[PDB]
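Trainee: give me a model of this one.
(chains A, B, C, D, E, F, G, H, I, J and K)
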Amino acid sequence: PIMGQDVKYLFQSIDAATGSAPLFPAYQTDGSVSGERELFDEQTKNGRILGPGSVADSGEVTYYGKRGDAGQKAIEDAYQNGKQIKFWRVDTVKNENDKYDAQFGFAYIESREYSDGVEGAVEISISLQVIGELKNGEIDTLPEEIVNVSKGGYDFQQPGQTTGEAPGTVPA
Amino acid sequence: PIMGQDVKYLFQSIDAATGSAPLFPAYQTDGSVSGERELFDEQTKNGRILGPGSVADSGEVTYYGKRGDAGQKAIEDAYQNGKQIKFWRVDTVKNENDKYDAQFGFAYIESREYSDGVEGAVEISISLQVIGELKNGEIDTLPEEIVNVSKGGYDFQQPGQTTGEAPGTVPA
Amino acid sequence: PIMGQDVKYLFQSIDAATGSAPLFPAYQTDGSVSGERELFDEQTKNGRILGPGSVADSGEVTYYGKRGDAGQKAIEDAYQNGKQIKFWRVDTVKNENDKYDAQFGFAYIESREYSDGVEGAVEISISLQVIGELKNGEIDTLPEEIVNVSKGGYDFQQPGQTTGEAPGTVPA
Amino acid sequence: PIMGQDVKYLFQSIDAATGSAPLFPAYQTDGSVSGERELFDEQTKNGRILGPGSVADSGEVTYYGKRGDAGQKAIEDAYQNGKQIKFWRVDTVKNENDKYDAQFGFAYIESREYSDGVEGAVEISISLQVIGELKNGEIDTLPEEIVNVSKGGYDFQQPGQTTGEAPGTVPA
Amino acid sequence: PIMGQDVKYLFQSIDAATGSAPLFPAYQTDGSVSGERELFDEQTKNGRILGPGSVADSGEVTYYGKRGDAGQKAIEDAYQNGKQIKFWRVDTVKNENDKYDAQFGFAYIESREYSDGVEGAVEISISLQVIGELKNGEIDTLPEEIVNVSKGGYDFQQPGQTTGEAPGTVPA
Amino acid sequence: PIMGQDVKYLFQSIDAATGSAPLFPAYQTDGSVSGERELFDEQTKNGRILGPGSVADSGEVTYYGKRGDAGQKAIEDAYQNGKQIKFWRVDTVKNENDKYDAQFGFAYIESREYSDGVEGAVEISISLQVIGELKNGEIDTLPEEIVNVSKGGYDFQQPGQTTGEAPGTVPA
Amino acid sequence: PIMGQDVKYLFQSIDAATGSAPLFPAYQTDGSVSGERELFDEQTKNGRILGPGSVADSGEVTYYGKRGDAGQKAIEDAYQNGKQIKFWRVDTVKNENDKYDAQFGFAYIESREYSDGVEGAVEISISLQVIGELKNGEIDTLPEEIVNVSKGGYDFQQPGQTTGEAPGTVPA
Amino acid sequence: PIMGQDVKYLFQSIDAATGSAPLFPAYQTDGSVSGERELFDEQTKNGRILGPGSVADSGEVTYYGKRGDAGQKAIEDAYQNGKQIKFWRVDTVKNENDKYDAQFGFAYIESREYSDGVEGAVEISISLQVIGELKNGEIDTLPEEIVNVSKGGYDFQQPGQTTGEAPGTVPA
Amino acid sequence: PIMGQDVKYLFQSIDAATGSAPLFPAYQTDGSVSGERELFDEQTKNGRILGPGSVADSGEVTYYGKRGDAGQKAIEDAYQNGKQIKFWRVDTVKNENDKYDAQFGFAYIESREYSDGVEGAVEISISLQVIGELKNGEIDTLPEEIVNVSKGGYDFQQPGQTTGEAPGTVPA
Amino acid sequence: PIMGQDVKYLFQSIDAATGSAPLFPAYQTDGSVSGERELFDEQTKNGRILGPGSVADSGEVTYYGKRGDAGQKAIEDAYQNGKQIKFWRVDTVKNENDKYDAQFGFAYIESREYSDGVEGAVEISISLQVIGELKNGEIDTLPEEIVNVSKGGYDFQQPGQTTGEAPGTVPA
Amino acid sequence: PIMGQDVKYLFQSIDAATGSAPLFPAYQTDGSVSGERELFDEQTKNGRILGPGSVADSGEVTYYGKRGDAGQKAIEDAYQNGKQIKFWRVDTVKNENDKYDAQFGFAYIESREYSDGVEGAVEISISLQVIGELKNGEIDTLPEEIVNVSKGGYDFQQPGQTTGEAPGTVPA
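Mentor: Numbering: from 1, shown residues only, chains lettered A, B, ... in the order given. You can find the structure just below:
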């Protein structure tokens, strides 16, 4: 079925007006929760509790913050400046009659949480409501991230290419 | 008694008007909860708390979402378009004076939950109320699924039948 | 003292009008809870919080449902048709000046819960209120169940008595 | 200090009018909880939250019920008939200027709970309020129980004294 | 006392409905383990840890698999088709008031293990639980195996009776 | 830093009028909780939620009760007679410009809890509010307890000094 | 990304008027929680739940208290005298176009918690609200602490430099 | 019975789409382990622990890796590229109504282990789970390996056929 | 250094009140284990894992039980009656400024183990905790045992001194 | 196949930025362990336990430490300074379309172990995790070590070339 | 490489304030174990399991205790009084640009173990944690022990120099 790595979530800010949506690395986990409100109280009749109602749609996003990357800075301007961000969640498996497959919306920063612990690494919990996320097919592959997600491995670096802790440095 | 695999749940959408009910693969677990409201307050009399009342009937359904299958797309049109779905829960053990045995109702999408984690695979929690599920015998076997639930095993494929990750491919 | 297997619970339906109470196999566990309401608020006086009040008596019953047996079908007509059932809880140890020893009442189906999981077997949680359970001695032994509860073991079946998964089959 | 076996609790019923208090075997554990209500709201003054108030005194008692013993039947008439019971909690260690040491009160049966499980043995949770338990020295040793609590061991029974599951039978 | 060769174990399948139980050659060793669950926790009382409880009865069977013989094919349909098998363990020494002496039950295939090594020969470890094995006297001698277990030795074959690796061939 | 054994808590009763504060042995653990109430509701202004307010100061004390010792009897007269007790919490590490270092207050017995279990030993949970605990330096060392806390070990007792379970008896 | 040791938190008191902010050793963990309040109730319209609102910003700080150090004494005057403290949280990794990187605010002592246990060492939980923490770059390195955080190790001390439990003593 | 050399294991990759399954030389040993999950907890009833359940089927494979051969390169693409491999285990003894006899499945690379020691030769431990291995008859003899397994011996090479360490070289 | 025979262990019971400590013959071996609990979790600071803590001190004693000797009967009253015993472990080599050298404590009988085997002789494993064993110099030589430990050899007995299996009998 | 001496492991440090990877002499043995995480729980479906997952890749390295050589000093700066090291494992047998054949990665020092014993020589156990080792062909022969591994033997030294314990000294 | 006798371990106590570190004779063996904690959970990303973490550094020391020598008495005051000891481990082979080569730290007595057996001689197992051992060059040779470790042999003593069991006595 769909794998845990398969569904990934990208956001595009409204004010940027750019042709691309930053997504942030080191994801922890993603809960999108969607409540469809229903009829109150049957009155012991013919079923007055199976009726239509409004939908309350909210999601939370947890990840580990990196020192300085752009979806996080998008989140930072999102919460700290106070803007809504465009919300995209797509699947990495290629769509057979589209680029990718997505669910889309406009979202807000309901709350943000920052944990610093003595073990592990900094963890951000960001919670958001949305006014109705809709499903569609994803057009922008953005093959740097969704298409290409590598383990950092590269074939050799044996003459010494000025390397460091990162998974491939070059000489100067 | 009845096994955990024995009771399986199929839904048929109202708008489809088809002669068959899609059920979805990769089930996690099924809670159907049925509350029969009773008399308030004995008044220290002869028993004024054992009296009849209305019934609140609600169930939740958890499963792992597959990339694109029809009960899930039935769920997707169920929640996202906003429709009630016909609710069938039957037992795989053959009925001796019926095809199968069932409990049936008309149900609504009270809430849906979608979890994406770094481990495991995508998990959907869908919660629904119903206006009174009733018990009957199941007429439609649908022997593709209830009758036939295989492990994917097949006897050999040894001359090379263009195989893949799926449990039986054929040449082209 | 009294063992976990020692206290067993039988129900007799009101409408049946039969000389025997069906009890259901594969019990999980039984909670009977009895609240005796007391005086409110001493007023820092001589003890105005040790005073008499009404009693709220409710119990829940958990068990694993078998495909088709009669106490369960008694439960099924109990909840699904909407009837109160006569409530008997007796002890398997023989009473020395009675057949058995019991607590008795008339009970209602406040709620029923049905769990289907991928592991294990179907589990029913049924919750009920009662209007005052009373203690007495149990007259009906019903020696098929209370008196006789066997492990299914039988001495031999060695010439082949057309056996199956059940603990004793006979030839045809 | 005081051991877990050291503090034991006996009750004497009001209506019995006997010169002895039944305590029940197979104790699980005993919580006596005593709340001394205090002044509301300092008003940021000189301390208007350290002031005297009434006391709410309640305790719960858990034990494993034996088939038929008298403190349990005292509990049974306590709850089921609806009476208050005199409450004694004493220490097994001998008092140096009294028989024993006790805390005493008059208590009521606020609630009773009966659990039957498939494992283990029947367990009773009984909850009670009291109108002020007071501390004193215990006069009645009742040396059958507090003074004498044996493991059931006896030196030999080797010529055969018609024995059973109990820790000492005699011939007929 | 009873020898290592003395106690041998035969199984009869439920579905066969035959008048005889296949046992398999080349036994390695047989562990039958039977746990009688007891009372929890004395509470430092009169002995609340010597009390009765349920019994967990499980056994494992190790043997060396032969290319094609019927108890193994009984095991193979046992595990691979998924059936319970009737369980017989009898003693080779003749019973003085019965044919043989046995312990009997109905058993299931909890697990099977197959080892192929470069040394030695294929070894099967099969583990099973049972719902209560009972002791009785064995009625069916089956004198081909229990009564008769020969070393393969035969007096002569000197004119040439078309012999092979097996312990007695005949001419064609 | 400060160790778990380092901070110890002594109480002095108001009515005693003695030159010394009893502290009780066999401490379990000490929670002192101090809430400083703040401004409600910024009104999205310049910060109307960072404003000063009153302080709610409460602590709970858990320990294992000894048969008869004086801080416990101080607690007993504290709760059961109904008095406030003077509250001292000091550190065992010697102060360099004082005897010891302390936090001090006047405290009340908001609630007391007594647990008797079948395992372990009697445990008292006592909860108290205070009208503002203040920090100071501790003047009274009380070197019997804070200064001197021994394991009970003594060099020898080899000619027999009429010993018992306690860590040093003498002859008569 | 950012490590658990990487983000550290310093406070500067308002009244001190000094050119440096004390931070306290032996940190346990730091939760900063920031709630951005949003529009109530869509009314099933065009999205009236994605709207702007106020922000509730609160954090809690846990650490192990040392006998006498200045951020703790800053905390002590913070809570016990009743002052707001200036709030700085910076990252240890050097900023490439600033000294360091920080988030800054003015904060208050909403609550303080002090735990003394028999195991481990004294633990302080301090909770605070803030009226809007803002992100900036950190100017003051304070290289004693952020820049320099050593394990206490030093190369040798072999002629005897009057040493103690601390990680480097000198002769007198 | 079946010998240690008798049962040999071949794998065929899914993506290859070839009419033949590579098996790897220098086998160490093969464990195939198959767990058939059973009913939990009898409840001291009629046997609620002899019931059907799912099957967990896993095997491990140990061998000594050769410099470059195709089943190992099949294993290498299996683990390192991340593919499932078709799993065949057949017996070398000729089947009397089939080519050979087999057990078959689709298998995955759960783990791989590579040991390099100073003694002996490189040893690979590869562990795999399977979703249900089934038994059948083996159709492909592959007489190069199963049918023909020689010691490397050849009758003579006495005029000098440009020989080396391998068991038969030819001139150039 | 210190030999295996050099360190020997004597116990003195508390209740005896005698001027001498029985030690038991036929020692097997003695483990005294002493755990000094330390600081949890550095927090990657300056070393918060090198800190002081409590000490858990426990030892086990193995020996071969003799039919009736007094340290064993001291052990027997120790465990079976339930008393703590005074614990002495001294060295046989003479102290140069004391009689002997010792480590001393008060000890309890945490567990006792008795093995009877078909080979060898009865073996007792007794395990004990202690509340802090301290080191000192041993005052009581007890020269019968520590000072004098002979092989049982005596110069002659040649006129016949009514001898037996023991290493020196006398006439009657 | 591949010999125990055939596969050897070289590391190159990231910070060095040199055109060569130090490997360390006196290898003991090398375990590289690679776990490919799989799907949880079939749910008794079509095989939901044969699914893809992440890979946990870790290895341990044991060797005997030499007084001062550069891979060990690379290890020493690796662990003691705290750096990741580039990980190369190649085979000594010449590749036919490459220099050598390798598996490569970036690795970290998860743990180091140093044993000093009275027998034998110092032994270092170093354990490391890796984020995905990949297989390739080895480009750098480094013919000093991999290509050339001599026993220390040299043809003669008979006029006296100022020799010592080492396998070839020269005059001064 | 480095021999088993080559690396020896000396300790210097903090409180002594002396210009020399006692090491203890009759070493058994020395394990120093150093764990460098790493990143949790890659999240199937670019390698989030190769990240930096804290280091847990602990060692154990086994030796045979001598009747009275100073490192042992240093150990004895170490554990029994409760002090940390300065930790030095150096190599006996002369450093070419230092006196010797060392690894150094401050260490604590986590646990001590004392075994007395009937065979052999007293054996002490002492276990310790450390807050980060660092490597350096050893300055103090202490040529009595490291430089000079003799077998006890001396050329002659033939006129009788009042000798004993020790390897050289003199006349009186």
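
Trainee: got the phi and psi for residue A:73?
Mentor: phi -60, psi -30 (degrees, to the nearest 10).

Trainee: can I get stretch A:4-14 in CSV? Just the C-alpha atoms.
Mentor: Extracted in CSV, the C-alpha atoms of stretch A:4-14 (Å, rounded to 0.1, in the frame of the first residue of the first chain):
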residue,chain,number,x,y,z
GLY,A,4,5.5,5.8,5.6
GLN,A,5,8.1,7.4,3.4
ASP,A,6,5.7,7.5,0.4
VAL,A,7,3.4,10.4,1.5
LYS,A,8,5.4,13.6,1.9
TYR,A,9,4.2,17.1,2.6
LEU,A,10,5.3,20.4,1.0
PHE,A,11,4.2,23.9,1.7
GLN,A,12,4.2,27.0,-0.4
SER,A,13,3.9,30.4,1.2
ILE,A,14,1.4,32.9,-0.2
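
Trainee: what's next to stretch A:38-49, contact-wise?
Mentor: Applying C-beta atoms under 8 Å, 6 or more residues apart in numbering or on different chains, the external contacts of stretch A:38-49 come out as A:50-53, B:54, B:56, B:106, B:108, B:110, B:129, B:131-132. The C-beta positions use only the backbone N, C-alpha and C, and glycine is treated the same way.

Trainee: 6 Å instead, please
Mentor: Under the contact criterion C-beta atoms under 6 Å, 6 or more residues apart in numbering or on different chains, stretch A:38-49 has outside partners A:51, A:53, B:54, B:108, B:110, B:129, B:131.

Trainee: and which of the residues you listed is nearest residue A:114?
Mentor: residue B:110 (33.4 Å; C-beta to C-beta).

Trainee: the closest one reaches residue B:126, doesn't it?
Mentor: No. Contact criterion C-beta atoms under 6 Å: residue B:110 and residue B:126 do not qualify, at 8.4 Å.

Trainee: how much space between the closest residue to residue A:169 other than its chain neighbours and residue J:61?
Mentor: Spatially, and ignoring its direct neighbours in sequence, residue A:169 is nearest to residue A:163 (4.4 Å; C-beta to C-beta, 6 or more residues apart in numbering or on different chains). The gap separating residue A:163 from residue J:61 is 20 Å, by C-beta to C-beta, to the nearest Å.

Trainee: up against chain I, what does chain A have?
Mentor: For chain A, the residues in contact with chain I (C-beta under 6 Å from any C-beta of the partner chain) are residue A:118.

Trainee: now do the contacts for the closest residue to chain I within chain A.
Mentor: Nearest residue of chain A to chain I: residue A:118, at 4.1 Å (C-beta to the nearest C-beta). By C-beta under 6 Å, 6+ apart, residue A:118 lies in contact with G:4, G:29, I:43.

Trainee: mind doing that once more with 8 Å?
Mentor: When contacts are counted by C-beta under 8 Å, 6+ apart, residue A:118 touches G:4-5, G:27-29, I:41, I:43-44.

Trainee: still on that earlier bit, buried ones among the contacts of stretch A:38-49?
Mentor: The neighbour count (16 or more other C-beta atoms under 10 Å in any protein chain shown) marks B:54, B:108, B:110, B:129, B:131 as buried among the contacts of stretch A:38-49.

Trainee: not counting its neighbours along the chain, what's nearest the first one?
Mentor: The one in question is residue B:54. Excluding the flanking residues, the one nearest residue B:54 by C-beta to C-beta, 6+ apart is residue A:44, at 4.4 Å.

Trainee: how many other residues sit next to that neighbour?
Mentor: 12 (other C-beta atoms under 10 Å in any protein chain shown).

Trainee: roughly how far does the residue in chain A positioned nearest to chain E sit from residue B:122?
Mentor: Distances between chain A and chain E by C-beta to the nearest C-beta are smallest at residue A:1, namely 25.8 Å. Distance of residue A:1 to residue B:122, given as C-beta to C-beta: 7 Å.

Trainee: between these two, which contacts overlap?
Mentor: By the contact definition C-beta under 8 Å, 6+ apart, residue A:1 and residue B:122 are jointly contacted by B:64-65.

Trainee: show me what contacts the residue in chain A that chain H sits nearest to?
Mentor: Nearest residue of chain A to chain H: residue A:153, at 10.5 Å (C-beta to the nearest C-beta). Shown in contact with residue A:153 (C-beta under 8 Å, 6+ apart): A:167, J:104-106, J:131-134.

Trainee: restricted to strands, list those residues.
Mentor: The members of the contacts of residue A:153 that map onto strands under DSSP state E are J:104-106, J:134.

Trainee: neighbours of the residue in chain A that chain B sits nearest to, just the number please.
Mentor: Residue of chain A nearest chain B, by C-beta to the nearest C-beta: residue A:47 (3.0 Å). Around residue A:47 there are 17 other residues, counting by other C-beta under 10 Å.

Trainee: quick one, which of residue A:1 and residue B:122 is more surrounded?
Mentor: A count of neighbours by other C-beta under 10 Å puts residue B:122 above the other of residue A:1 and residue B:122, at 22 against 19.

Trainee: ok, which stretches of chain A are strands?
Mentor: Under DSSP E, chain A gives strands at A:7-13, A:27-36, A:55-63, A:85-91, A:100-107, A:111-117, A:123-130, A:134-138.

Trainee: tabulate those strands (JSON lines), appending distance to residue K:85.
Mentor: Converted to JSON lines, the strands of chain A look like this (distance: least, C-beta to C-beta, whole Å):
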{"stretch": "strand A:7-13", "distance to residue K:85": "54"}
{"stretch": "strand A:27-36", "distance to residue K:85": "43"}
{"stretch": "strand A:55-63", "distance to residue K:85": "45"}
{"stretch": "strand A:85-91", "distance to residue K:85": "58"}
{"stretch": "strand A:100-107", "distance to residue K:85": "59"}
{"stretch": "strand A:111-117", "distance to residue K:85": "32"}
{"stretch": "strand A:123-130", "distance to residue K:85": "39"}
{"stretch": "strand A:134-138", "distance to residue K:85": "64"}
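
Trainee: just those: most buried one?
Mentor: Comparing the strands of chain A by mean neighbour count (mean count of other C-beta atoms under 10 Å in any protein chain shown), strand A:85-91 ranks first with a mean of 23.

Trainee: could you tell me which residues of chain A lie near chain J?
Mentor: A:1, A:3, A:5, A:151-153, A:155-165, A:167, A:169, A:171 (C-beta under 8 Å from any C-beta of the partner chain).

Trainee: PyMOL command for the buried members of these?
Mentor: Provided next is the PyMOL selection string for whichever of the residues of chain A next to chain J are buried by 16+ other C-beta under 10 Å:
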select buried, chain A and resi 1+3+5+151+152+153+156+157+158+160+161+163+167
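
Trainee: contacts only, for the residue of chain A found nearest chain G.
Mentor: Closest residue of chain A to chain G, C-beta to the nearest C-beta: residue A:131 (2.8 Å). Residue A:131 makes contacts with A:57, A:105-106, G:42, G:46-50, as judged by C-beta under 8 Å, 6+ apart.

Trainee: how about those in CSV, adding distance to residue C:66?
Mentor: Below are these laid out as CSV (distance: C-beta to C-beta, whole Å):
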residue, distance to residue C:66
A:57, 42
A:105, 48
A:106, 52
G:42, 48
G:46, 54
G:47, 51
G:48, 52
G:49, 48
G:50, 52
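
Trainee: now flag whichever of those is closest to residue H:84.
Mentor: Closest approach between those and residue H:84, by C-beta to C-beta: residue A:105, at 36.6 Å.

Trainee: I'd like the distance between the residue nearest to the closest one when sequence neighbours are not counted and residue G:29.
Mentor: Among residues not flanking residue A:105 along the chain, residue A:133 sits closest, at 3.7 Å (C-beta to C-beta, 6+ apart). Counting by C-beta to C-beta, the separation of residue A:133 from residue G:29 is 34 Å.
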